[PDB]
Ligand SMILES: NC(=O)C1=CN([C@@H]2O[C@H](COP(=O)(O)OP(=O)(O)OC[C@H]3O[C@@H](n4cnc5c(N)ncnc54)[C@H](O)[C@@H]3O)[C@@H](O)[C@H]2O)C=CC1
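Next up: just one chain, as structure tokens, the form solved without the ligand.
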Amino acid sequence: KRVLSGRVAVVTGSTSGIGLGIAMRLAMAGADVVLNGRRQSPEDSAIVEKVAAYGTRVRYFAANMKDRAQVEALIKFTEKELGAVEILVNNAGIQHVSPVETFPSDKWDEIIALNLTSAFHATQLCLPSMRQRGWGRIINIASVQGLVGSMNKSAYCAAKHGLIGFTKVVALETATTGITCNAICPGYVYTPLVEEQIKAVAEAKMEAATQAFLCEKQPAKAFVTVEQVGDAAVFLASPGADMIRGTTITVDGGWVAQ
């Protein structure tokens, strides 16, 4: 009765923030969904129940996406529990703000690893089944920072730019098939991290801390929501997007337009 009914989706890093919002919107559109976090937590059962309110099959699998063997374990688990992975959402929020000169090498490596190389490993693992089955959606959660630069975000802008380049190549290698690969580029979203960071900067520096943060970059002077990012994923996963290939859906309140 719904546009993604019966489709099996995996959303990496979906226990909070944008990834959870995407999982919620895919389930709301009918998809069965595998949630993923780095480690098991007491809250995980509650998060499953939240997504399960949309009446589809929901599962949870703990896996560190920097470890190729655990990425493989996540795909195999999905195949055992639900069937083939049909919709792969490569989502990874890790950020670190620092000028280039003092940017820690281990943080640089981790941002590249999780935001770019983990998407390669998961895509590599999922493509053979998608080709056999004649259908697939690979949806890479990039950023405005994949299209433009911002100060003190060198690793993140590099990784997100790279994820957009990767998206184009996967789409070209699958262009004659029922598999598409595209990227979503959000602007500022009010994530759990951001709500803590603004509340902390307001108590030290409220609606005025929020306005200063948004006004520099985001002409709408409002946040993008996790539901809006999820709605872009649902659109890319739908039949109307059968010929949307290798492109970006930018949800940013005007950031890249100026």
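So that there is no doubt, residue numbering starts at 1 and follows the sequence shown. Throughout, rigid core stands for the largest set of C-alpha atoms superposing within 1.5 Å between the two forms.
Omitted here: the form solved in complex with the ligand. The next part is about that form.
*Asks:* Check for me: heavy atom within 4.5 Å of the ligand in the deposited complex, for each of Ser143, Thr191 and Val194, yes or no.
*Replies:* Verified in the deposited complex; spot residues all in contact, yes.
*Asks:* Counting non-hydrogen atoms within 4.5 angstroms of the ligand in the deposited complex, say which of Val148, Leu114, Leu127, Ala158 makes the cut.
*Replies:* Contact with the ligand in the deposited complex is made by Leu114 alone.
*Asks:* Work out which of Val48, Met28, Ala63, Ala209 lies within 4.5 Å of the ligand in the deposited complex, going by heavy atoms.
*Replies:* It is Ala63 that has a heavy atom within 4.5 Å of the partner.
*Asks:* Just to confirm the contact call: exactly one of 168-176, 131-139, 92-100, 79-87 touches the ligand in the deposited complex at a 4.5 Å heavy atom cutoff, so which is it?
*Replies:* Of the options given, it is 92-100.
*Asks:* Could you confirm whether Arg68 comes within 4.5 Å of the ligand in the deposited complex, counting heavy atoms only?
*Replies:* Outside the cut-off, so no.
*Asks:* May I ask you to state whether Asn36 is within 4.5 Å of the ligand in the deposited complex, using heavy atom distances?
*Replies:* Because a heavy atom of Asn36 falls inside 4.5 Å of the ligand in the deposited complex, the answer is yes.
*Asks:* With a cut-off of 4.5 Å between heavy atoms, is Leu236 one of the residues that contacts the ligand in the deposited complex?
*Replies:* No - in the deposited complex, heavy atoms of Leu236 and the ligand never come within 4.5 Å of each other.
*Asks:* Would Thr15 count as a contact of the ligand in the deposited complex, using a 4.5 angstroms cut-off between non-hydrogen atoms?
*Replies:* Answer yes; at least one heavy atom of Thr15 falls within 4.5 Å of the ligand in the deposited complex.
*Asks:* Fix the rigid core, compare C-alpha positions between the shown form and the other one, and report which of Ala63, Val224, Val58, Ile198 shifts by 2 Å or more.
*Replies:* Among the listed residues, the one whose C-alpha moves by 2 Å or more is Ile198.
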